[PDB]
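Here's the structure we're looking at; comments come further down.
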Amino acid sequence: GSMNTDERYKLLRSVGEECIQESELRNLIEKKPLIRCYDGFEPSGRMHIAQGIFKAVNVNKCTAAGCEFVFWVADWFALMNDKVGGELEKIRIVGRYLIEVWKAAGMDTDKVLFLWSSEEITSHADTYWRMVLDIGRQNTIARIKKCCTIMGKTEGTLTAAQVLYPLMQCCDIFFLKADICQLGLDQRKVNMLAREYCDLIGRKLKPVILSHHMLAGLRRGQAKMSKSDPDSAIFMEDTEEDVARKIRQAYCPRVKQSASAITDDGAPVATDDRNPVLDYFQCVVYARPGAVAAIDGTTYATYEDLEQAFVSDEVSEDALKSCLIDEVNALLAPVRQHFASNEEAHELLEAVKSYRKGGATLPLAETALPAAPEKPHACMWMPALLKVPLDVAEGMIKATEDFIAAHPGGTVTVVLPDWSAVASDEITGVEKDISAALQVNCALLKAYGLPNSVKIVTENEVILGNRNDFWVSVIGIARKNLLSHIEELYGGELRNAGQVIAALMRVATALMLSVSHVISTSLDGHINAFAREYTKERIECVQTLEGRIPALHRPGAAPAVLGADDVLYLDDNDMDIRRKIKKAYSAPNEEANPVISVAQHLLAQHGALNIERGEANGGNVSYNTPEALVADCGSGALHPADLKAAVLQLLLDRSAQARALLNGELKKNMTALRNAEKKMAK
Amino acid sequence: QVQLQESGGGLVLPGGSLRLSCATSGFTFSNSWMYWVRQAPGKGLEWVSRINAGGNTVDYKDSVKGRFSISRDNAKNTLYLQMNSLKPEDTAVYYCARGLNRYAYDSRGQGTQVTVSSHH
Ligand SMILES: Nc1ncnc2c1ncn2[C@@H]1O[C@H](COS(=O)(=O)NC(=O)[C@@H](N)Cc2ccc(O)cc2)[C@@H](O)[C@H]1O
């Protein structure tokens with residue numbers, strides 16, 4: 001009937017071995033009209049009794065206390081964790097099979113939902129994935145590796161871009177809008193990560209972690225039901241004799257069972273005191289409201305009585321096992337009868353059974369590399385910087401010109417990385433700011449000479465245009481690479497987990513757009529190298545030609561910190577350029593220095609350089625070659641300040657189209673930029 | 001092949017200073033990242049600073065930030081490390097290395113010894 005705050009609480013609290021925090025759970029029961037619990041499941045194979053009967057016990061308690069309970073069928077998560085031979089279609093059969101077992105397990109089907117992760121994520125792709133990247137952005141790679149146990153894996157060592165999966169599970173907490181995470185203790189590390197993320201985004205209400213007991217494995221050298229033995233677990237439609245065989249050979253020491261120390265990772269450690277027969281009694285028999293067990297006429301009302309009787313040898317090992325076999329066979333009976341008397345359900349079960357000889361000890365399937373594009377197509381990522389140096393920008397421009405010249409049939413796309421640059425924490429880590437700076441840098445690059453034929457795309461167009469296929473590409477690429485391999489890209493200097501996803505996204509983008517070549521600056525050649533690596537030398541790496549406009553200080557006398565005035569940027573206005581060229585280093589009778597270097601570059605670009613000299617200083621002259629120019633600077637013939645005014649003149653000229661945009665179209669964005677520059681006080 | 005030769009090392013007192021230089025050949029220095037790395041006695045190689053082609057992007061190991069300065073002359077194919085306010089912890093063989101990209105280097109010169117001690 002009707003229940004109150006205190007009896008609702010006692011009931012919900014009894015679900016979990018641990019509850020972070022008890023005060024929050026109480027405040028939830030008092031305040032919230034409908035409480036949403038959730039648990040998620042990798043569809044990897046026949047269902048273990050823990051995910052069926054034991055789960056059903058705890059869900060019934062949750063629904064009794066006035067909760068909705070969501071089953072998150074984690075199809076993409078099983079793909080990322082290399083289940084069912086990594087075949088997504090087979091994983092979805094297993095998922096359908098799981099939903100049939102849960103429907104026969106006697107749960108309140110008015111307050112239980114069965115959601116598919118892929119279906120739900122793709123329906124809200126913009127919301128979900130932004131948060132996944134935001135979680136990765138704000139966390140270290142070390143912190144995410146520590147979540148390895150939620151996948152039954154070991155940190156470092158083997159992780160294979162199984163960094164994304166924990167980031168996703170965490171996103172989910174918020175996505176489902178769950179109030180209570182009601183998963184097993186081995187998930188505790190990612191649940192804590194979700195509570196950590198509330199503090200990062202300033203959300204005051206945190207999800208309550210109501211973690212449940214991890215049910216023990218049947219065989220002797222293991223404290224959890226595993227992938228090594230089919231005999232470590234009872235499956236949910238095991239025949240009555242298979243149930244008997246498994247329980248009969250089970251480890252069964254005559255020792256009283258005490259509660260385990262809650263380890264920080266949550267995964268149970270193997271111990272000889274842990275008796276899995278008694279653990280089944282405690283979790284699947286005595287956890288149901290009115291449950292009781294009986295051996296030879298005696299009826300034991302609580303678990304303590306049955307345990308006490310077994311320790312003092314009033315009940316024998318074979319008697320206790322025969323009691324459990326009966327208790328389990330009664331509980332699995334409804335499930336067997338459903339699969340015995342339904343064509344659809346029976347077919348699913350047969351398909352799942354066929355994957356025990358159909359998907360394992362056969363090399364796991366992985367996404368195939370697409371073939372090469374027929375027409376050559378180059379790709380170049382815009383730097384997400386407030387301050388793009390002129391030398392870098394010039395090299396981008398020249399690389400696109402050089403490509404078009406070499407392949408007149410072909411294409412060049414500049415990608416604006418408005419998703420992946422947020423993920424890697426490029427500026428302030430804020431979407432608004434990163435879009436602004438990319439739009440600004442795009443405009444100024446065109447103003448400095450980027451060909452009109454160059455196509456411009458955002459990640460946003462690419463991703464939202466292919467909501468499913470893009471992220472499946474990313475999952476495919478991620479599965480095929482060790483985390484250590486992506487760590488090597490940054491020489492072990494990865495500052496956040498978002499940088500790992502950024503690398504995967506770039507490759508996915510290069511594949512989506514059918515690119516034959518990737519063009520790299522000095523700032524991203526480490527990332528684009530991965531695209532070549534992944535495609536097995538199919539995609540070619542073109543390097544930009546930098547080093548032609550140097551820093552303006554004296555070589556061999558650099559300041560410890562480079563100031564703004566020591567380097568030419570492409571957002572420099574008239575005042576900036578005058579100021580930098582004024583302070584720039586040059587000296588008489590010297591063949592080389594930064595000013596001569598900038599002049600030699602301008603001479604190459606414009607054909608010649610005209611020094612305007614009032615007579616008495618030598619009058620006017622043109623230099624049409626660099627060798628003539630350095631000779632006159634070395635002889636003393638050309639005074640430093642004469643050259644300086646000539647260089648200054650040409651830099652203002654080349655920058656005229658750009659400086660017009662700085663005062664007009666881009667003035668809205670540039671104001672929003674220089675606030676984000678100051679916001680980098682740190 | 002790639003050749004790199006360092007110079008400028010020696011013995012100084014704490015608070016002293018030096019300027020290392022590296023002369024290079026056999027590759028396109030002017031379009032390459034370049035590194036300074038060091039090896040203290042019974043320790044691994046560790047990078048000290050690095051600089052991109054245009055001299056506009058520079059990084060420094062935390063312990064030398066504000067005291068050391070890296071620069072390059074692309075015309076002369078030489079790299080420079082100005083070391084000021086030297087400390088005993090800076091004692092090491094300093095090497096000049098070619099950068100493949102911002103986070104990696106391969107070829108190294110023979111190295112130049114730097115010692116910072118008051119003892120002698
Ligand atoms: N022996 C056991 N006893 C009790 N509970 C057990 C158990 N073995 C597994 N479980 C729990 O049963 C659930 C399903 O386990 S699982 O199939 O390995 N799937 C997972 O562990 C999750 N990684 C899947 C997931 C969950 C939530 C998400 O937002 C996303 C993905 C988890 O809550 C797990 O803790």
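Note on naming: chains are A, B, ... as they come in the structure tokens, residues start from 1 per chain, ligands start from 1 in the order shown.
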Protein and nucleic acid residues within 6 Å of ligand 1 (only C-alpha atoms and all ligand atoms) as number ranges by chain:
A: 39-42, 50-51, 74, 77, 150-151, 169, 172, 183-187, 213-216, 224-225
Pull C-alpha atoms from the residues just selected and write them as a PDB file, in the first residue's frame.
ATOM      1  CA  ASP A  39      21.731   0.338 -14.453  1.00  0.00           C
ATOM      2  CA  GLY A  40      23.506  -0.386 -17.733  1.00  0.00           C
ATOM      3  CA  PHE A  41      24.491  -3.644 -19.390  1.00  0.00           C
ATOM      4  CA  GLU A  42      26.961  -4.705 -22.040  1.00  0.00           C
ATOM      5  CA  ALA A  50      23.433 -11.656 -11.229  1.00  0.00           C
ATOM      6  CA  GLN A  51      22.115  -9.490 -14.097  1.00  0.00           C
ATOM      7  CA  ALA A  74      24.754  -0.564 -23.803  1.00  0.00           C
ATOM      8  CA  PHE A  77      29.710   0.076 -25.044  1.00  0.00           C
ATOM      9  CA  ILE A 150      34.455  -0.671 -14.937  1.00  0.00           C
ATOM     10  CA  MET A 151      35.342  -2.571 -18.128  1.00  0.00           C
ATOM     11  CA  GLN A 169      29.334   6.197 -19.183  1.00  0.00           C
ATOM     12  CA  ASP A 172      25.171   9.104 -19.457  1.00  0.00           C
ATOM     13  CA  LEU A 183      25.058  -0.355 -10.551  1.00  0.00           C
ATOM     14  CA  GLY A 184      27.523  -2.845  -9.046  1.00  0.00           C
ATOM     15  CA  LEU A 185      30.534  -1.877  -6.924  1.00  0.00           C
ATOM     16  CA  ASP A 186      32.988  -2.442  -9.804  1.00  0.00           C
ATOM     17  CA  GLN A 187      31.404   0.622 -11.501  1.00  0.00           C
ATOM     18  CA  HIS A 213      26.995  -6.223  -3.919  1.00  0.00           C
ATOM     19  CA  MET A 214      29.152  -8.102  -6.429  1.00  0.00           C
ATOM     20  CA  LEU A 215      27.956 -11.682  -6.589  1.00  0.00           C
ATOM     21  CA  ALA A 216      30.749 -14.259  -6.217  1.00  0.00           C
ATOM     22  CA  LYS A 224      33.526 -12.710  -9.292  1.00  0.00           C
ATOM     23  CA  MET A 225      31.623 -14.518 -12.110  1.00  0.00           C
TER      24      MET A 225
END
Contacts between chain A and chain B, please, where a residue of chain B counts if it comes within 8 Å (with only C-alpha atoms); show its shortest atom pair and distance in Å to one decimal, rows by chain and ascending number, as a tab-separated table.
residue	atom	partner	partner_atom	distance
B:30	CA	A:547	CA	5.3
B:31	CA	A:547	CA	5.4
B:33	CA	A:522	CA	7.6
B:52	CA	A:522	CA	6.7
B:53	CA	A:547	CA	4.4
B:54	CA	A:547	CA	4.2
B:55	CA	A:551	CA	5.4
B:56	CA	A:551	CA	6.0
B:65	CA	A:560	CA	7.2
B:66	CA	A:560	CA	5.1
B:67	CA	A:560	CA	6.5
B:68	CA	A:560	CA	6.1
B:69	CA	A:560	CA	4.8
B:70	CA	A:558	CA	6.8
B:71	CA	A:556	CA	5.7
B:72	CA	A:555	CA	5.8
B:73	CA	A:555	CA	5.6
B:74	CA	A:547	CA	7.3
B:75	CA	A:592	CA	7.4
B:80	CA	A:556	CA	5.8
B:81	CA	A:556	CA	7.6
B:82	CA	A:556	CA	7.3
B:101	CA	A:526	CA	6.0
B:102	CA	A:523	CA	6.9
B:103	CA	A:491	CA	5.3
B:104	CA	A:491	CA	6.4
So what do you get for CA of residue 208 in chain A versus CA of residue 178 in chain A, distance-wise?
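Result for CA of residue 208 in chain A versus CA of residue 178 in chain A: 8.9 Å, one decimal.
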Using DSSP on the backbone coordinates, identify all residues within chain B classified as strand (DSSP E); present the result as a ChimeraX atom specification.
/B:3-7,11-12,18-25,33-39,45-51,58-60,68-73,78-83,92-101,104-108,112-116
Residue 98 in chain B environment, 8 Å, only C-alpha atoms, sequence neighbours closer than 6 positions dropped, as a PyMOL selection string:
chain B and resi 32-35+105-108
Could you give me the residues within range 146-275 of chain A that DSSP places in helix (DSSP H, G or I), as a count of residues only?
46
With only C-alpha atoms as the counted atoms, please give the residues lying no more than 12 Å from range 244-251 of chain A, apart from itself and same-chain residues fewer than 3 positions off, as an MDAnalysis selection string.
chainID A and resid 216:223 229:235 238:241 254:255 271:281 317:329
The distance between CA of residue 520 in chain A and CA of residue 399 in chain A is 9.1 Å
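One finds CA of residue 571 in chain A at 10.9 Å from CA of residue 663 in chain A.
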